Every structure is written in C-alpha cells, then in structure tokens.
Ligand code: SF4
Ligand code: NI
Ligand code: NI
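Protein chains in written order, with the deposited numbering: chain E, 2 to 314; chain D, 1 to 708.
What follows is the structure, encoded as structure tokens:
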C-alpha cells in the first residue's frame, strides 16, 4: 500500500498577538490540524481564559467560588488568572457595554481595559457586545486607551468592519478579528473587504463562528473544514489567516452545563458537565481547524492543553 | 504669465523664502541645533514621504533645500508642473520647521500650527468610516466676513473637517464660527506656508493608515488622491506662491476651487464666483457625498411596518387598482434633466379629500442621475420602491409598474403625512441603497387626470416596452460576459450557477441583468463577471474561462461544465430549482416534473427522489434542475437537439409553458401546437403507454438520433 501523501500548495499565515516574551503567534501550518505525519504544523493552538469587566452573576456556583475574592476587580481577576493558571492569553469581555444590559459609556470600558492591559504580561483579547453600533464606538475608545500592547479586538463584523479596522490595525497598531456567521463565502467577503481597506493577512484573524456541541455544531465543523481545505488545498489567499474560536461564550451558556444538580438530579455534578461541554466543543473545533480557543473553567484549560500536547507531542 | 510660469514663479519664491529663513536658523542656532515638529514620528513628513530621510538638525534642514531645487524643472509639461507644486510643499515645510527652531512656540491661538500624530490618529477613524465626508482647505480672504462664515458653517454642518489659512481665520472670528478640533474648524495660521500643516495630515494618513514606507512618493501621492477626500477653496486675489502651493495640492490629487479667474484645468483647477454654490461645487469636484441621518417625515419609518393591514373604513386615500389609474417609473436621466432633491407635487394633494374614502390618480416619476447609472439598472431600483413605500406605516402600496395601487390611512394624515413625503422618502432611500450608482434623484408626484396620463404615455409605457423587448431579444451570442453566482453554496458546497441571457439562474430569481446589477451594487457579493473567452465547443457550450471560473469558485470540486448539455459534464444543481428534467432513454427524450407534482413520473421516481439525486452541487449526467423560464429557451438542451426531446410534462406545467414552448418549437419548424405531442400525467404515466402515445402522435423526439 502507498502512504497517503497529501501535499497542500497553501499555507496559513502567522499573526502575532501581544508584546514581549509572552507574545504568541497563530497560524503557519501547511497541513490539517494534528497531521504531523503529513508535514509541518506551524504553531501549537493556543488556549485563553475568559474574564469579565464586571462581577459574573450568571456564572455557575463553582466558577464564582474559584474567583470569589478576585472577580470583583477585573485587574485583580486578570492578575489571579495569569498567576495561578498562566494561560496563553486572557480574553477580557466588556459585558458592561451591552445595550441590552446595564449599558455603560465607552470611556468606562476603555478605562477598565487600560487598567487590565497594564497589569498583565500575557496577551489580552478585548471582546465587545453583540451590538455592532455599540461595538464600533466601544472599540474606538478601547483601542485609543490600550495603545502599545498589541491587543486583539473581537467581532469586527461587516457592519462595522471599517470602524474597528481603522481604530484598530490602522491607527493604534492592534490586531482584529474579522467575524462571519458560519459561512465560507462570508468569511471570504469579510477578508476581501479588510484587504481592500488596507489591512493585510498578517494583521487580523478570522472567526467563522462558534457554537456549543449539539446546537448548530455541524455547521461550525463544516465551515472550519471548508475554510481549511480552501486555504490549504486550493491555495485561496483570502482564507489564509488563523482562526480563533470563543468556546466558553456558547458552551457554558447551554442547558446541559448551566443546570445545577438540584434542577436535574440525574445529570449529576454541574461542574463536571460544564467542563465536559467546554472540552468537547474545544476538541471538535481544534480538530476541525481552529488556531486558538477561549475557555472559562481552569480544568477545561488544563484538559485541552494536555490534549494538544498529547496530539502534537 | 501662463499657468506653468505662474507655478514656477511661485515655487522659486517659496525656495527664496526657505533659503532666507534657513540662513537665520544657521546664524542664530547653528547647524547642530535640533530640528523637529511637536509630537510626530515622521520628522518633516513631506521630506520623509518624498525621500525617506528624517531631518534632525539644522545642518540637514539646510541640505533639504536641494530637494526643493531638484523639484523645479522649468519645462512646460504637466509632470514638471506637479513636481514644482511639490517643490512649494517641501519649501513650505522647511519654512514651518525653521519657525519652530527660531521661536519656541511660533503659533499663538487661535492658530494651532502643526498637527501632532495623536490628533491624526484621533480623526483618522472618522476619515475611514466616512464620518468626516471630506477636508475643506479654505485659504485666502472672502469679500466679507459673513460670506466666509456662511461657507465655513455650511461645511461644518455637513460634517466636513475644515482647515483655515490666512485672513479667513479673522473673517470667521468676525462671523462667530466656533473653532475647535471637536468642532472641526481648525485655523492653521495666517501665512500661506501654514497650509502645509493640513498637507502633512494627508501625507501621514498614507504613512499611518496606508502603511506606505517613506520614499515611496508615487504610492503616497496615489494614496492621497484616492483615499484622502481633501479639496482647496482659494478665496481672494491669488499670488504666484498661492498658485504654486495649489499645484502642490493638485499634485496630491486635491482639486483647487477659487473665486478668481484662473487657467482652469477640468476636475483639478476650477473657478466658481458664486459663493452660494461653492460648497456644492467642491463636493461634486471631490466626489463627496453627505448621508441623510433620518427621513424628514412626521410618520415613523421602520422595516417592521411591512405587511401591515389597515382597516378599509380608515382608508383616507386609495389610488390605483380597478378604480383609478396609477403608475410608477424609475428612469435614468442626464444631469441637466434632473435637479437634485426636487419633490414636485402636481394636482390636488390628499388634504383636499373631505369624504371617508379617496379616489384620485397617482403617478410617481423618479429620475435618477449618476456616472454609473444605466437603463438596465432601472428595473431593479423600481422594484425597491415597493419596499421603500411599505416601510412607512399608514400607507400600503403593492403592484408592478402601472398595476400598483396605494392605500393611505387617516392616521398618517392626522400625523401630518402629505404627498411630498413620498418624494422625501424615495429620494432618501434611493440615495441610501443605490448611493454607489445614483448621484441625483428627482421625484415627481402627479395627481392631475391629464398630466398623469400624458406622462405615462410619454415616459412609462415606452420604458416598459423597451424593457420587455430587451428581455426577450437578449441571447448568449450578443453578450460578451456571463455571470457566476454562488449564493447557494451555503448548503451546496460545490454548486456554481452560470447565468447567461438564455440560461436563467435555476432558483428562478436571478437573471443576467439581475446578476449585472448585483455585481455593480455589491462588488464583493455572490455575482461575479465571467468573461466569455477561450471557446471550445459552441454547440455544447464549453469555454475555458467558464471552466476556470467554475473550478475556482467551487473550490476545485467541479472541473469542467457544459452550459447547453445535460449528458456531457452538466451544470450542478443546489436545491432551489423549480423543475427537474430527466432523461428517458426508451422514449429517446426527456421528461419534466415540477415540485408541485406529487404523483409518479414515467422515469419511475417522484419529485423528492429526483431532487435528492440531482441537488447538492453534484454533477449528475442525465438530470438537471432548472427554473420555469428555461424550458422555452433556445439554449435548452442545445447539445442534445434542443427542446424537441421533451416527451412528458405535468398538465399544469404544460398549460403554463405552452405559448412560449410552441413559439420555440415553431422556430424548430414544428407544428403550431407542439405541446399536444407532449404527454400528460392524465393521458399516460406508465412508460409503455407514454411511448405508445408518442408513436401515435408522431413526436419528433422519436425520429432524432439517440440521445445517449
Ligand atoms: S440558484 Fe440562484 S441564488 Fe443560487 S447560486 Fe444560482 S443564481 Fe445564485
Ligand atoms: Ni440555487
Ligand atoms: Ni437549489
């Protein structure tokens, strides 16, 4: 029999997030994920930890027990996460800027992000809310305040891609995430718009969408497969950027993880179900072609890091 | 003194002033004294842009005079004139740099002098997003303070960033113009050389946002010409130095407007004496468009208001339908024929109604003017009218062309709705949605019985007839490009639709003109042009360019396709197709089935099984998914003898298609009623019975060569 020699003409580009000795690089691979028997895998996929700019009230009880004395102050929370768990990066989610919730001015969130980014050495990812109009102004003020640290700004959708691209990559030398909703064509369109704006493939990453296991997950898997095959096999230049997936954003929000043992006695431990959901979603997206995953529970980060080390090592 | 000599003279004067002030800096501070601008990383931006060199000491500032000298070549050709304009810009920068060397703070408020890099990054984001529509560089002096204040505040009210040089700074102060960075009214300085401080803004915009390294002068000039929407308004008498500095603005792609008599250059140097039109002249000259924030209508306008049904007894007004004559039309017109934002209501308005219902003719004539506007784009925009009107609560409009009727309830009348608001909404939405193809829009609402019918006959019906004629007369050979749509790749990863004049998109909602309009309006959308070059087989419809485009779009899943055949590398199908065509070998022909048909077919499979086998973006020879307009096409199965092979078809589909099918088969030289030779489900459904019917009726398909 002949060994399967799958030669790809394409190659994923590298994007650097952060400054100093903690800065990480994403992308650089020329084969399918964990296909060390086919060629070169550029950089190991990264695992980041999610923190909030306000106290997490909807999080499960074990998570609030882990961060009991640090979740009140985002700076203290970030320092605790960097010290005790030492992740690849920290994703600071500005929940307080949500128009649906306790809407806050962009200045307050920018100040919180500036305080956080000057206390940690690991790369920081600043994630906004689901509102495009709010996101544009928020990221303007956040990128203005957090200048000189090479942060990553999430959710630069087509509605506000110009604003986040200008306030981000162009003005204050940051990186950005071009987000598209589970479509290869939409990912191509947003990448082409970013390139025509003046931002090359070395200055942004892609978010082809994320979903928890069992909730539109096959669409995420198929989108990741199609994007990876087009970028590598077909040498499509508009898709040769690393992909980042926020897993904890949707994985921890589902009923299979949020419900406590009191609500569903047969299901069992709530923390175990949350960790299992995070691990399953992260493993699937990592196998399908993502380059960085955002997780919430520290045990999930440990399990996913061990999984990556076992597969690559 | 002609234009070239005026510019050369000005550049020499700029060089003379630069040499004199540099000599003062050398004598007072020495060649080792530091040269810098407050808070910038680009040293002197113009010199850094042109040469890539950073100037740090006075001795290098003196050596920068050679750059000015090398840029002044007194030969009357356009390139030398632009280089001489750049010589003035470099000389002005050297003068401004020496000002900071000689005096610690050379600018006193209100003048700001040099603009630091953090300010550029602060206003750079609005420049990219269009929140700042443009940069108005106003220099000189207006005939009076109020004229300057009016023009400046006109630019300010439109969101433009205006910079001031010269006596207009004092005139604006006398005119009480509120100056500030947040107020977007920046006075640079009273000297002409202070105009370099807004020039470096455009230069550093290329350096910061364009990512262009220093010394790439052509790339920087290209960037400022395409990306920086700056223009110059030069008021008052213009010296040679002012003209040479304007040549520098022209060198950066910024048009220069003035109220003085000058040797005008089209699109670059323009004279506009009318101060009441200078703002509009500049916006047109710089291609600047100001977007409308909200629709000026008392009635609320939202997309959720579509589909509202409003009571009959509340119908204040009702136009169109079987009661009255109503029509709508969107027509391309030359710039002279349509004036921007002109809503004309002719005839009685809805106020005159004093009875519970209303009954009067309504005619909406919409004229759109633009550089890229085409007649083929008219049918698209007109369709959006249906939507533009339905988003207004209180009014419901449905119909096509002259078949439209509009019902207006009395709640909108109580709120203050009139017929002019129709024009306001139409103009605002035409400039929003089609702002890339429409420059000016004029809406006329006609209610008089006479003018409504006169304008319909003069304008409406000829447009409809020519549109129908173009739709019917377009063939593949006449056009030179096809189009490719991949909108169904969301569920069919390998499907690429090739739209030609005689092959409609199999979803049935995309045509060749629709694809062209979609490509024009949404260049990064799903519809992309496919040049029809490199033909291989004209009868089977094989093009090398088409194969290459299909291979690229489908991510290599599909290699070769044939447009006019179903047995040799057929086109793929996704799943939106209305009809399925399948090969019947025993009849030496083809049968068809629509999605509304539930019974079995002579092939032995229902519509569901055929859809499962055919769709999904897979090349299946012998089966095709297509729309209802493709059956009576001359390109239908052109690679297998044409549409004469159709032997079985559902009764309702046959009744729907019969007229056009008989026309095309008459082109084939068949009988007047060719559809009678086509078997129905009622006549016969079993294959043997179908073949018996075909033999009895003398179907042409039985007498052709074998299909496969
Ligand atoms: S079926 Fe219609 S929408 Fe789908 S790809 Fe073809 S032309 Fe586009
Ligand atoms: Ni389709
Ligand atoms: Ni389809």
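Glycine is no exception: its CB is placed at the ideal position from the N, C-alpha and C atoms.
Hey, would you say the C-beta of residue i is under 7 Å away from at least one heavy atom of ligand 2?
i, result
"residue 579 of chain D", "no"
"residue 527 of chain D", "no"
"residue 679 of chain D", "no"
"residue 497 of chain D", "yes"
List the whole-angstrom C-beta distance separating residue i from residue j, where the pair is believed to meet the contact cut-off of C-beta under 8 Å.
i, j, result
"residue 251 of chain E", "residue 211 of chain E", "6 Å"
"residue 286 of chain E", "residue 221 of chain E", "7 Å"
"residue 319 of chain D", "residue 406 of chain D", "5 Å"
"residue 442 of chain D", "residue 342 of chain D", "5 Å"
"residue 252 of chain D", "residue 221 of chain D", "6 Å"
"residue 290 of chain E", "residue 225 of chain E", "4 Å"
"residue 44 of chain E", "residue 29 of chain E", "5 Å"
"residue 124 of chain E", "residue 199 of chain E", "So it is not a contact: roughly 24 Å between Cβ atoms."
"residue 490 of chain D", "residue 207 of chain E", "Not confirmed; about 17 Å, so no contact."
"residue 588 of chain D", "residue 700 of chain D", "The pair is not a contact, with the Cβ atoms about 10 Å apart (cut-off 8 Å)."
"residue 566 of chain D", "residue 484 of chain D", "19 Å between Cβ atoms; not a contact."
Is the CB-CB distance between residue i and residue j below 8 Å?
i, j, result
"residue 49 of chain E", "residue 293 of chain E", "yes"
"residue 297 of chain E", "residue 249 of chain E", "yes"
"residue 186 of chain E", "residue 486 of chain D", "yes"
"residue 446 of chain D", "residue 422 of chain D", "no"
"residue 93 of chain E", "residue 72 of chain E", "no"
"residue 604 of chain D", "residue 614 of chain D", "no"
"residue 126 of chain E", "residue 171 of chain E", "no"
"residue 31 of chain D", "residue 58 of chain D", "yes"
"residue 200 of chain D", "residue 46 of chain D", "yes"
"residue 657 of chain D", "residue 631 of chain D", "yes"
"residue 102 of chain D", "residue 132 of chain D", "no"
Quick check: does the Cβ of residue i come within less than 7 Å of any heavy atom belonging to ligand 3?
i, result
"residue 575 of chain D", "yes"
"residue 608 of chain D", "no"
"residue 615 of chain D", "yes"
When you measure from the CB of residue i to every non-hydrogen atom of ligand 1, does any distance come out below 7 Å?
i, result
"residue 507 of chain D", "yes"
"residue 487 of chain D", "yes"
"residue 626 of chain D", "no"
"residue 618 of chain D", "no"
"residue 709 of chain D", "No information on residue 709 of chain D is available, as it lies outside the stretch 1 to 708 that chain D covers here."
"residue 510 of chain D", "yes"
Cβ-heavy atom distance between residue i and ligand 4 below 7 Å?
i, result
"residue 576 of chain D", "No copy of ligand 4 occurs in the structure displayed; its ligands are ligand 1, ligand 2 and ligand 3 alone."
Members of the region 188 to 211 of chain E that neighbour chain D once the beta carbon cut-off is set at 7 Å: 190, 193, 194 and 199
Chain D contacts made by the region 90 to 107 of chain E, where a contact means CB separation under 7 Å: none
Every unbroken beta strand (DSSP E) inside the region 13 to 58 of chain E [3 residues or more]: 16 to 18, 25 to 27 and 47 to 53
Contact residues within the region 127 to 138 of chain D, judged by C-beta distance below 9 Å to chain E: 127, 128, 129, 130 and 131
3-residue-minimum beta strand (DSSP E) runs that sit fully inside the region 226 to 303 of chain E, ordered along the chain: 245 to 247 and 293 to 296
Inside the region 183 to 233 of chain D only - alpha helix (DSSP H) runs reaching at least 4 residues: 196 to 208 and 217 to 227
Chain E contacts from the region 205 to 223 of chain D (Cβ-Cβ distance under 8 Å): 208, 209, 210 and 211
Interfacial residues, the region 142 to 163 of chain E to chain D, with Cβ spacing under 7 Å: 163
Contact residues within the region 522 to 538 of chain D, judged by C-beta distance below 8 Å to chain E: 524, 525 and 526
Short-range partners of chain D found in the region 38 to 58 of chain E, where Cβ spacing is below 8 Å: none
Chain E contacts from the region 38 to 61 of chain D (Cβ-Cβ distance under 9 Å): none
The region 226 to 239 of chain E: positions lying closer than 8 Å to chain D by Cβ: 227, 230, 231, 234, 235 and 237
Contacting positions in the region 168 to 188 of chain E - beta carbon closer than 8 Å to chain D: 168, 171, 172, 173, 184, 185 and 186
Residues from the region 489 to 511 of chain D in contact with chain E, defined by Cβ distance under 7 Å: 489, 490 and 493
Alpha helix (DSSP H) runs wholly inside the region 626 to 675 of chain D, at least 4 long, in chain order: 651 to 667
Members of the region 539 to 555 of chain D that neighbour chain E once the beta carbon cut-off is set at 7 Å: 555
Those runs of the alpha helix (DSSP H) which lie wholly inside the region 141 to 205 of chain E and span at least 4 residues: 162 to 166 and 185 to 198
Proximal residues, the region 470 to 488 of chain D versus chain E, C-beta separation under 9 Å: 486 and 487
Every unbroken beta strand (DSSP E) within the region 403 to 432 of chain D, with a cutoff of 3 residues, ordered by chain: 405 to 409
Length at least 4, wholly inside the region 30 to 90 of chain D: the alpha helix (DSSP H) runs in chain order: 45 to 51, 58 to 63 and 65 to 70
Minimum length 3: unbroken beta strand (DSSP E) runs contained in the region 457 to 532 of chain D: 481 to 485, 497 to 499 and 527 to 531
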